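Heads up, the thing below is written out as structure tokens.
Just so it is clear, none of the values below were taken in a lab; they were calculated from the coordinates. Cβ placement follows ideal geometry from the backbone for every residue including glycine, while neighbour counts extend to all protein chains displayed.
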Amino acid sequence: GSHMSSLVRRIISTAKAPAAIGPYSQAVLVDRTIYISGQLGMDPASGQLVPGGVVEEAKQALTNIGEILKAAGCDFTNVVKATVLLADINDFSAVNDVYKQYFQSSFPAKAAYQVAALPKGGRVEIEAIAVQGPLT
Amino acid sequence: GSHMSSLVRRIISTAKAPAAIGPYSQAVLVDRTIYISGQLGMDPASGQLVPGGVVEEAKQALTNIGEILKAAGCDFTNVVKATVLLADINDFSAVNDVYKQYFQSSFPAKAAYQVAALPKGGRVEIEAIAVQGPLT
Amino acid sequence: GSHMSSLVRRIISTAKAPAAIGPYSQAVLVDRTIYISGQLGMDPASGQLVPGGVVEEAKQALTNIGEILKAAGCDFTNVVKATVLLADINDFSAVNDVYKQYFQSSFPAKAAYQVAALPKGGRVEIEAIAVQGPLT
Ligand code: NI
Ligand code: NI
Ligand code: NI
């Protein structure tokens, strides 16, 4: 508690991603690992879900993750694991097609499945874990 | 498998948290990272859910997490990521109000959402990841 | 981004586990931590769920995880955290009985609960996190 190295622990916060609607940080950097909170397809300015259903929500959620990554000195190539929570399993393929446009190489490990309900009636919510570079 | 440092890996076990009802440890410390098993609002002495519904269950689950943290040389300030699994999304705000009483600063990254069912008919289950200090 | 050590980041890929059905890697090794994608009870050769329901699916999912671990220089003793996603909470005990045959000591931290639906109509999906040895 004093006998080992003191590791970085930094709260990541950017107005380019939505404000919190509960007692949480957008992301936490600890040592070099970044835990990103689950992101809905929420407009950063209004705090409400973007219109147009699951495809548009997925694009916005991933955009939000990208801005949090950038605030933490990373990009999508630093992501090592993601979780995609769906309101409808039948949206699996369509959300995958959005996802692949952001995660273009060194693809993260992943789980994707249908939950009973998301906050605000979201159709998709995406969590991620990243590691600060350099990565060989 | 012998050419790198041998990292600490320690099973965390305290009678101040409930006994296992399956093949799992309360938590695992590996290097400085602590993975805590999902905690229901179970009374540590009886192994049954405390009465009074989701608010009381959330308080008990977080109390249980606190005792596991303490057994691992940590407190709630060491938590970096939590997951709150709900039986009912409409309980989001009320569980947040309990949660904020324990996680009072450096708030963890978080995801919270409704699943189809929890063991024992629990109304809430909370998982967490912590990192042993010092943290700067 | 150049001022710290360059950590290993390696995509784990083995034909002894099923091919991807989306934009993801079977596992990612980053430093010494291995994030394994969620595994259904899919036959590695055919890419379809094995017959016989949840018990047989759980055995196949864990077999698949074991082959991914082996490709990453690990075995089941390196696992520190697992998540068991069920189509039916009433299968909790039966899946635990399969799980315990693979995870025989130093049991991982765990969460297990029922989701609304899994890809392909799977009855069980298992994710895991491991750390490369040596572990003391
Ligand atoms: Ni110390
Ligand atoms: Ni070695
Ligand atoms: Ni650098």
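About its Cα centre, how strong a charge dipole does the protein assembly as shown have in debye, to the nearest 20, once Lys and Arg get +1 and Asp and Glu get -1 at the Cβ? Show your work: numbers first, answer last.
Details: 33 positive and 33 negative charges, 224 e Å.
In debye, rounded to 20, the protein assembly as shown gives about 1080.
Which of the trypsin sites (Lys or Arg not before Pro) found in region B:32-136 are in a DSSP loop and have at most 15 neighbouring Cβ atoms, other than their own, within 10 Å? If you can, show how the numbers build up before the last one.
Numbers: sites: B:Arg32, B:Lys59, B:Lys70, B:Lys81, B:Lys100, B:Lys110, B:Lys120, B:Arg123; in loops: B:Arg32, B:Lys100, B:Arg123.
The qualifying sites are B:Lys100.
Can you grab the distance from the C-alpha centre of region A:94-125 to the C-alpha centre of region A:12-82, Å, no decimals?
13
For chain B, what does -39500 (n - 2.57) per DSSP helix run (n ≥ 4), summed and divided by total residues, give at 222 nm, in deg cm²/dmol to the nearest 500? Don't skip to the end; give the middle numbers.
On the way: 2 runs with 26 residues, N = 136.
One gets -6000 deg cm²/dmol as the mean residue ellipticity at 222 nm.
Roughly how compact is the protein assembly as shown, stated as its Cα Rg over 2.2 N^0.38 Å to two decimals? Could you put the intermediate results ahead of the total?
Numbers: Rg = 19.6 Å, N = 408, 2.2 N^0.38 = 21.6 Å.
Normalised Rg, Cα atoms only: 0.91.
In region A:1-123, if the dipole is taken from +1 on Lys/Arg beta carbons and -1 on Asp/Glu beta carbons about the Cα centre, which of A:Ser46, A:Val8, A:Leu118 is farthest to the positive end?
My answer, from the dipole projection, is A:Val8.
Per-residue HN-Hα couplings for region B:109-117, Karplus 6.51 cos²θ - 1.76 cosθ + 1.60 at θ = phi - 60°, whole Hz, x for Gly and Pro?
5, 8, 9, 9, 6, 9, 9, 6, 6
Go through region A:39-55 residue by residue and turn each phi into a ³J(HN,Hα) via Karplus (6.51, -1.76, 1.60, θ = phi - 60°); whole Hz please, and just put x for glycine and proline.
10, 6, x, 9, 4, x, 7, 9, x, 10, 5, 5, x, x, x, 4, 5
What do the square roots of 5 times the Cα gyration tensor eigenvalues come to for region B:9-131, in whole Å, largest first, as semi-axes of the equivalent ellipsoid? Let's see the in-between values first.
Numbers: eigenvalues 88, 60, 31 Å².
Working through the eigenvalues yields semi-axes of 21, 17, 12 Å.
Treating only the Cβ atoms of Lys and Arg (+1) and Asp and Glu (-1) as charged, compute the dipole magnitude of chain A about its Cα centre; round to the nearest 20 debye.
Numbers: 11 positive and 11 negative charges, 80 e Å.
The dipole magnitude comes to about 380 debye.
Going down the list B:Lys110/C:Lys16; B:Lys81/C:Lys16; C:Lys59/C:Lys120, which pairs span over 23 Å between their C-alpha atoms? Walk me through the numbers on the way to the answer.
Working: B:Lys110/C:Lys16 35 Å; B:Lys81/C:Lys16 33 Å; C:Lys59/C:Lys120 17 Å.
Result: B:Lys110/C:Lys16; B:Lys81/C:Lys16 exceed 23 Å.
In sequence order, what are the phi-derived ³J(HN,Hα) couplings for region C:64-72 according to the Karplus relation 6.51 cos²θ - 1.76 cosθ + 1.60 with θ = phi - 60°, rounded to whole Hz, with x for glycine and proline?
Couplings: 4, 4, x, 5, 5, 3, 4, 5, 9 Hz.
Could you grab the relative contact order for region A:13-119? Cα pairs under 8 Å, six or more apart, rounded to a whole percent. Don't jump to the answer; show the numbers that get you there.
Working: 140 pairs, mean separation 25.3, N = 107.
Reported as a whole number, the value is 24 percent.
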